[PDB]
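Below, in structure tokens: the form deposited in one PDB entry, a single chain.
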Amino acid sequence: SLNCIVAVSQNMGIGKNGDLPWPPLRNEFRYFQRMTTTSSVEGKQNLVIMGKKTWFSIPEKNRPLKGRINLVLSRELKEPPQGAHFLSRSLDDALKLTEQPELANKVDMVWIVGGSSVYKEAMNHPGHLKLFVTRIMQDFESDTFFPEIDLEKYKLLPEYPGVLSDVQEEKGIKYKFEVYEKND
């Protein structure tokens, strides 16, 4: 499957000055880690696709993201940055790679993990897309925003395996995990 995962504030914010608009949420991180890492097929791995700025925002000691195949998008880089598994020059190319026999027999889920520019392009993807949205239920000052989630085509799933849907809360900040699907 092809999947996008993001955390968004109530004002649809996703970034401020190259960082997250809110303080670190422990269970949001844990959820992200588990969902992107966990394959539904024994013997396969998941693949994460991210923009260049998001790659370099990961502390070097934690690159590549453990247990996942890490693919970075960049129009300018000539070889993969140290530690990355693949470098693609477009989202089209990255998705085409995942369809090659030697990735298809290796990869289960493909996850788009940001940043803003990649989400924008991923939100224009035709076909089957699932959006795993962590709703942070507060406004935060933001300078970059997640694209509109068009409810004409995305349906909020009432339940999803492995996803706690109840409202959560850390140091007074409420949040909840949602899953949307489109098939167009």
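By rigid core we mean the largest C-alpha set that fits within 1.5 Å across both forms. Residue positions are given as counts along the sequence shown, with the first one as 1.
Look at the C-alpha B-factors of 41-49 and of 128-136. On average they run higher in 41-49.
Taking the PDB entry as given, 152-160 carries the higher mean Cα B factor of the two stretches 152-160 and 64-72. Which of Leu103, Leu77, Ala94, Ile112 has the largest Cα B-factor in the deposited entry comes down to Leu77. Looking at the C-alpha B-factors along this chain, the one for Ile14 belongs to the lowest third.
For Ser117, the recorded CA temperature factor ranks within the highest third of the chain's modelled residues. Sort the chain's modelled residues by C-alpha temperature factor and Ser88 lands in the lowest third, per the entry. The PDB entry assigns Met123 a C-alpha temperature factor belonging to the highest third of its chain's modelled residues.
There is another form of the same protein, the form deposited in another entry; it is not shown, and what comes next is about it.
Considering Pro158, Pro59, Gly127, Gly67, one residue stands apart with a C-alpha shift of at least 2 Å between this form and the one not shown following superposition on the core, and it is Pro59. Fitting the two forms on the rigid core leaves the C-alpha of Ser90 displaced by under 2 angstroms between this form and the one not shown.
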